[PDB]
Structure formats: structure tokens, C-alpha cells
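In the block that follows, a single chain appears as C-alpha cells, in the form deposited without the ligand.
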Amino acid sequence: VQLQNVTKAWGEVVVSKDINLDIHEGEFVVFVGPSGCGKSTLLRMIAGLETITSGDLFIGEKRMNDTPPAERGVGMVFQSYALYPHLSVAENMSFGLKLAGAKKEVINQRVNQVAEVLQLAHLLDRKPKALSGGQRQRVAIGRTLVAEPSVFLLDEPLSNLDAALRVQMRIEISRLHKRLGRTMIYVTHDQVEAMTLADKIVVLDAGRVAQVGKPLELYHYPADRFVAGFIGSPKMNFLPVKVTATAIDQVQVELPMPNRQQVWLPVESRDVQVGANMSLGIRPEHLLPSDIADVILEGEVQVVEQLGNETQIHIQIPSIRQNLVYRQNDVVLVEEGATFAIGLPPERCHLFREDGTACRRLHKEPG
């Protein structure tokens, strides 16, 4: 699958801004982004359930616009297509293969193959009325798998991320991937779901693509403020800073606290200009226990959460509007109202310009 300047608009309203994507075979892709960003319309377009106003959709290697959705090789899981009561799980899954003209031979052979990957063999000849919710969901997936598609497409489960039925879905999805290894495209609004299942993630915002990449790439190198705060929770901290110097690929900024300390960041530096007002980002997990000298931020403890596996502190630093959120492992016994100090590692900091674009990190990391 490959997208080329694909756009979707009604009259003059643009819901999908010329999207460019390149999905390599076998990849598990997930479209993520806030409500109404256009993740589902984009999916439906690939499926053929919505028209593409301009642009090219390549599936396999050949243009698929103009081609009937059935002959594209794509398969969408129709989450709301009610099972045909008074029909066996097998009859339901094979139903579609009937009007098409398939032979009992292929039918009762492709039905036994999907019946294995989805664990339904022992439920095949059963009435829907006797199936649980968790297994009715699987019959739907099996329904789209017997048509033997080359691109599996699934949209957001109308469930609710902790809703048992959606946890099932999530496990089945990954199981199915590590089994057939076929190309898949999933849609969700939940950042965690994305970081968990994806091979490649495409963050969407206001109909445009904010960024595309591996989970770890989005994590360590967000291209802008939006992505920086969309992946990871609790959310990245943002502190206001001013540029005071510039070397080759470095950039020295000044911290807001009194005594305005200066720190160098291994950042892009391309075009910055001394005196500019920028935004410095540092994730709560990456702050340090302050035992380590260098740059130290200090305030008064506003909140303390003991979660067992870790501890989250909310500190209020004098000369910063929003509370700084700290995160460490195990205990760390502190009382509200007490003064707490934490370290600021320049190698783990991010720098964002006025447009919110990130002045690239030059550090190195695991993926």
C-alpha cells in the first residue's frame, strides 16, 4: 500500500490534506490522533467506502482508484454487519463466498483454515444466538479472512479501552498479525494502544499527517510540539527559554528560574538566532534524582502519588506557570508542601521553535 497526495474534500471543505504514505508489505500500521482528525475517513478511503477527490491510491503496485472495492484485494472488518441468525458460524463466514459463486470445496477449506487461526473450529456449526460477545467479534474477523485479502483493515472498536470486549479485540489483532504476517491497518485515538501494537505509526492532526515512524522514533524524536505531547503520559513538560548562544549543532538556552542558568543542548541549531523565545521539553521519566550536580530545578511539592511500581510528584517551580511533573521508581517518600529538587539532563531535552517545530536532537538512542 502506497498513498500519493491523496486528498478528500466536499465542495471546499478539506477533510484529508494530500496524504503521503508508503506502507511496506507485512507491516502493521496504526492511524492515531484526536477525535475528528480524519483517521477513519482515511481508512474508509483505502477500503473504497468513501471516494478520493484527488491523488493516487496504490495497492500492490497498481492504481486502485476507479477499481471496484471488491477487486482491490483489501478486506475491511465490518463491525456492524449483524450475523445472519438461523445460520451456523460456518454458514455466516462462508455466506459471502456463496453469492460470489465459490465451490463447496474452496468454501469448506478456507473456512477450516480461518477456523484455526481464530479458534472457532469447535464452534463452526453453532447458532449465533449461542455465541458469546467475545466470539461473535471473532466470527466477523473470520468473515473478512475467508475472502483471503492481502490488506487487512480494522477501524476503531466502539468499545472503551478498558471495556473487556476491546481488550479481546486488541489481543486478537496482535495474535492475528503474529500468525499470518499480512499487511494490516488499525485505527484508534488511544496513544498507548498505538505504541503497543504498531510496526509503524502515523499521527494525524486536523486532517494532515503530523509524523510517521516507529513507536520509538516518535518517542525520542517528535518532529513538533503536537507529537511531543501526544505520545507518552503523563505528558512531556514544556519550559519557556531564550536562546543565548549558538555553535555548530548546539544552541545554548537560558532557564526561567531566578539566577537564569545557561545550558547547551545537542540540538539541530540550523536557524535559531540568539534572543529567540523557545520551548524546552523534558519528559517526567527522564528527569533525575537531583543527586547529580549540573542543572537543578527546585520547588514545593503540590501532589504525591504512590502507585506501588513508581511514584509521581507534582512540583511548583517559582517562575513557571504550570506544575512540573516528576516520575521515579519505587517509593521516594515526600510530603506535600515540602521543597523538592530534581536534575535536568541536557542530553534528554527537546527544543521547539515558535511554529512548534522541533530543532532536531543530535543525541543517540536505542532504536
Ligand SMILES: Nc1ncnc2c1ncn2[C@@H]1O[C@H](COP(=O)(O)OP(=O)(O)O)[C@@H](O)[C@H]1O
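We number the residues from 1 along the sequence you see. Basically, rigid core = biggest C-alpha set you can superpose within 1.5 Å across the two forms.
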item: Of 194-202 and 154-162, the one with larger mean CA B-factor; value: 154-162
item: Given 211-219 and 124-132, the range whose Cα B-factors average higher in the PDB entry; value: 124-132
item: Maximum C-alpha temperature factor, selected from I141, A147, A293, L288; value: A293
item: Peak C-alpha temperature factor (PDB record), options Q119, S279, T246, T188; value: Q119
item: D224 - which third its CA temperature factor falls in, relative to the rest of the chain; value: lowest
item: Modelled-residue ranking by C-alpha temperature factor, third containing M184; value: middle
item: Chain-wide C-alpha B factor ranking for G11, given as lowest, middle or highest third; value: highest
item: For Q79, the third of its chain into which the C-alpha B factor falls; value: middle
item: Assigned third (lowest, middle, highest) for the C-alpha B factor of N92; value: highest
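We do not show the form deposited with the ligand bound, though everything after this point is about it.
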property	result
Interface segment, criterion being heavy atoms within 4.5 Å of the ligand in the entry with it bound, picked from 316-324, 330-338, 53-61, 29-37	29-37
Partner contact for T41 in the entry with it bound: the ligand, 4.5 angstroms, heavy atom	yes
Proximity of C359 to the ligand in the entry with it bound, heavy atoms at 4.5 Å	no
Any non-hydrogen atom of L21 within 4.5 angstroms of the ligand in the entry with it bound	no
Partner proximity in the entry with it bound: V15 to the ligand, non-hydrogen atom cutoff 4.5 Å	yes
Core-superposed comparison between this form and the one not shown: the option from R166, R283, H220, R225 whose CA moves 2 angstroms or more	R166
C-alpha of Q135 moved at least 2 Å between this form and the one not shown on rigid core	yes
Core-superposed comparison between this form and the one not shown, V117 Cα displacement 2 Å or beyond	yes
Is_shifted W264 between this form and the one not shown (CA, 2 Å cut-off, rigid core)	no
Direction of Cα pair change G48-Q168 in the entry with it bound, magnitude 3 angstroms or more	farther
Closer or farther in the entry with it bound, the Cα atoms of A47 and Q168, when the shift from this form is 3 Å or more	farther
